[PDB]
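What follows is one chain in structure tokens, specifically the form deposited in one PDB entry.
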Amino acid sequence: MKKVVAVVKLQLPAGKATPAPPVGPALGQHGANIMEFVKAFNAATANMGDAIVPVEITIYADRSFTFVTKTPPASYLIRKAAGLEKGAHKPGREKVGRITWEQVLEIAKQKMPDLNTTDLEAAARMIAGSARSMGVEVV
């Protein structure tokens, strides 16, 4: 019972949001309070740090907003194991590091209420099948 006119999807670094783009254009369009979001975003993500954080802004007809903070990218959390330099490229022909099958047994419960899976079973195979596009291994 408050009309939504925008669900804006946006990836932002923890505690380092500013009026500047993407934020300016993304909220200014729908008359959302910009300074207000910057201040609220930053305080919300102050407990994490340097983490990339996906965030959904629900903008209403009165120009109100709420926002939901996400998990963040599976790929960020993978290379929290071996985060050496820049990642791979667009086709996929670059090396970085590696891991094994006991990272998922912690990080798939964190990344759970995103891509919906009630059973613990499939959660393994998605992270193992994400550790490929950057140059990662599982054995």
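Rigid core here is just the name for the largest C-alpha set that superposes within 1.5 Å across the two forms. Numbers follow the displayed sequence, beginning with 1.
Although it is not shown, the form deposited in another entry is what the next lines describe.
Flag for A88, CA shift 2 Å or larger between this form and the one not shown after aligning core:
After core superposition, the C-alpha of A88 moves 2 Å or more between this form and the one not shown.
Large Cα shift (2 Å or above) at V8 between this form and the one not shown, core-fitted
Not so; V8 is displaced by less than 2 Å.
In that other deposited form, shift in Cα separation for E85 relative to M48, 3 Å or more
Result: closer.
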